[PDB]
DNA sequence: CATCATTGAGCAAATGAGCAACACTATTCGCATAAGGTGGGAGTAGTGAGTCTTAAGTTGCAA
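In this note's numbering, the protein residues as written are 2 to 80.
1. Using three-state DSSP, classify residue 17 as helix, strand or coil.
2. By alpha-carbon positions, which one of 18, 78, 80 and 3 ends up nearest to residue 61?
3. Can you find a heavy atom of the ligand NAD that lies under 7 Å from the Cβ of residue 47?
4. Can you find the residues in the same chain that come closer than 7 Å, C-beta to C-beta, to residue 40, ignoring five residues on each side of it along the sequence?
5. If we call anything under 8 Å between Cβ atoms a contact, is residue 35 one with residue 79?
6. Shortest alpha-carbon distance to residue 47 belongs to which of 23, 3, 21 and 69?
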């Protein structure tokens, strides 16, 4: 279990540049920036929880959906 | 001697505000999306006077 968590932390630590890169889009919707980066961090955590590698795709395309889920979810109910 | 007004006394009829209990539906909430997308951006520019605080530079001075 601890080994698996080390792997998952390691992957998240890889994909932070992805999450700020997508985080540039929806900035000025009446919320602050680091709220977006943290929500997106949650979203990529969930995307790590739901990714499989034997599918054969690049991780980012699958991850994108969970990130927009977290962002648009968060600004949606935090209007 | 009779009687009634006149003071208590309480009631049915009626009604206004509920109550619980089921039963049904509107709304809300929470989860998903697969080729790929892996460092922000606005940030002011024409105050001045003072006062407290560090920080550093210098400088006697004594063992």
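Backbone N, C-alpha and C define an ideal beta-carbon position, used for all residues, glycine too.
Reading off the structure:
1. For the purposes of this step, residue 17 is taken as residue 16 along the first chain, with counting starting at 1. Reduced to three states, the DSSP call for residue 17 is helix.
2. Working through the first chain from its first residue, we reach residue 61 at position 60. With distances taken between Cα atoms, residue 61 lies closest to 18.
3. Among the ligands in the structure shown, none appear at all, so the ligand NAD cannot be discussed.
4. Position 39 of the first chain, counted from the start, is the residue given in the question as residue 40. Taken in chain order, the residues that qualify are 71, 72 and 75.
5. Position 34 of the first chain, counted from the first residue, corresponds to residue 35. Position 78 of the first chain, counted from the first residue, corresponds to residue 79. For residue 35 and residue 79, no; Cβs fall outside 8 Å.
6. Taking the first residue of the first chain as 1, we reach residue 47 at position 46. The closest CA to that of residue 47, considering only 23, 3, 21 and 69, is found on 69.
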